[PDB]
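Here the structure comes first, spelled out in structure tokens, and everything after it is commentary.
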Amino acid sequence: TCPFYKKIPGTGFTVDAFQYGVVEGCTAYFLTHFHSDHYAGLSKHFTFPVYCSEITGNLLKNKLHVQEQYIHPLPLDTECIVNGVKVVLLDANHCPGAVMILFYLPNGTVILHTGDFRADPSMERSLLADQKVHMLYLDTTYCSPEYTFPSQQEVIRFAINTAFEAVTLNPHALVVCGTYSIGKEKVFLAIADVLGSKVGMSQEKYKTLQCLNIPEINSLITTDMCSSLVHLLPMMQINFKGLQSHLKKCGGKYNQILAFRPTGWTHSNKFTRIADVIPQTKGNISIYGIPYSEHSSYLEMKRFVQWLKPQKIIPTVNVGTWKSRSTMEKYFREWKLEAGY
Ligand code: NI
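Sequential numbering from 700 applies to the sequence shown in the entry's author numbering.
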């Protein structure tokens, strides 16, 4: 049964709730972004409207095969009427095509649903600036003060350096990057750009990337592995036994892999900086963890919530245990008392 934090009061609207069957009263199903925990349930056999971004729409048509008529894409930053309810989609700074949604209720209440988001000061000069938001459905993935991590630009710096160093020291080394969903494309696109290469990938990953409206994408990616010295592999596969296995397949064309595992937070964020990172080394294969996040740090979330001064906050992540729920409420009370809303 669909949980209350996936429903919008005073509408027939649900958000990211495609896994419960028909939800009684729901005229419209919103999908914030193409990540399987949020889309779990969609197929070619959906014949209810789905509202989403253009980019999410392309992924729905081409990867799950939903029929063009039931995909209502909407432009961002555009006041749009949807069953006689004004809504806006705003960029979430998550993965490609990921959105937050502003709902303007008839009764005068305004609600923001963040979907998954990495809060940023550029949001404070968006359409949110123009009016009061009463309710906030919030991505609470990293709602605890241990959760710090660097800026994406810091991380992309490190990567561009590591890769370009090794490639120049040894010109027969391959760069690999791990992936399992959309997101974090900047990692591999930045490395490939510094090395004068395209990125090489399986057919299915090429298909996924050809849906994202990246400008110039035909110049940046290929399915021809032989022709490329930055390769993408499944994240499952980014280990020694799998990198060894893969290093065979290239057929004596490279004598050393240098891989990157973009991850979110791990416990080594508590005791080590980004300029002071190392990889595990079994022979000639070197695997980097790099903490590239597409979710708000604790401080980033805090600033956004304290600027927004919402009258009420409804968590959408880590809501399954009473301890997590309770811990989160305590932070929301501190923020409000500090900020005087
Ligand atoms: Ni996500």
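Built from N, CA and C at the ideal position, the CB exists for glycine as well.
So, residue i versus residue j, is the Cβ gap smaller than 8 Å?
| i | j | result |
| --- | --- | --- |
| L788 | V798 | yes |
| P844 | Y997 | yes |
| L919 | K897 | yes |
| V765 | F745 | yes |
| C794 | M1000 | no |
| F712 | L741 | no |
| residue 1042 | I770 | Residue 1042 falls outside the range modelled here, since the chain spans only 700 to 1040, and no answer is possible. |
| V1016 | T839 | yes |
| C876 | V832 | no |
| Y728 | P748 | yes |
| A1038 | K1011 | no |
| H812 | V886 | no |
| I1013 | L827 | no |
| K904 | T921 | no |
| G814 | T726 | no |
| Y750 | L873 | no |
Quick one: residues in its chain with C-beta nearer than 7 Å to the C-beta of residue i, no 5 flanking neighbours on either side, listed in chain order?
| i | result |
| --- | --- |
| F848 | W964, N968, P990, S992, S996 |
| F939 | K981, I984 |
| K705 | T713, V714, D715, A716 |
Can you round the beta-carbon distance between residue i and residue j to whole angstroms, since I take them to be within the 8 Å contact cut?
| i | j | result |
| --- | --- | --- |
| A858 | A889 | 6 Å |
| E753 | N912 | 7 Å |
DSSP has residue i in a bridge; who is on the other side?
| i | result |
| --- | --- |
| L811 | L801, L835 |
| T713 | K706, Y728 |
| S752 | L773 |
| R960 | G988 |
| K1011 | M834 |
| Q979 | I986 |
| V722 | Its beta-bridge partners do not exist; DSSP assigns none. |
| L888 | According to DSSP, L888 bridges with nothing at all. |
| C701 | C701 pairs with nothing; no bridge assigned. |
| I973 | According to DSSP, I973 bridges with nothing at all. |
| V898 | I920, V929 |
Leaving out the 5 sequence neighbours to the left and right, which residues in its chain are closer than 6 Å to residue i when beta-carbon positions are compared?
| i | result |
| --- | --- |
| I707 | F802 |
| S985 | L957, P978 |
| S735 | none |
| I810 | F802, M834 |
| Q1005 | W1034, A1038 |
| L804 | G709 |
Note the first and the last residue of the continuous alpha helix (DSSP H) segment covering residue i.
| i | result |
| --- | --- |
| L942 | 939 to 948 |
| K1029 | 1021 to 1038 |
| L827 | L827 -> no alpha helix (DSSP H), and no H or E assigned at all. |
| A862 | 851 to 868 |
| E903 | 902 to 908 |
Apart from the five residues just before and just after residue i, which ones in its own chain have a Cβ nearer than 8 Å to its Cβ?
| i | result |
| --- | --- |
| residue 643 | Outside the shown range of the chain (700 to 1040) lies residue 643, about which nothing can therefore be said. |
| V893 | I859, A862, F863 |
| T907 | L758, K762, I881 |
In the DSSP assignment, the beta strand (DSSP E) including residue i goes from what residue to what residue?
| i | result |
| --- | --- |
| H930 | 929 to 933 |
| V786 | 785 to 790 |
| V875 | 872 to 878 |
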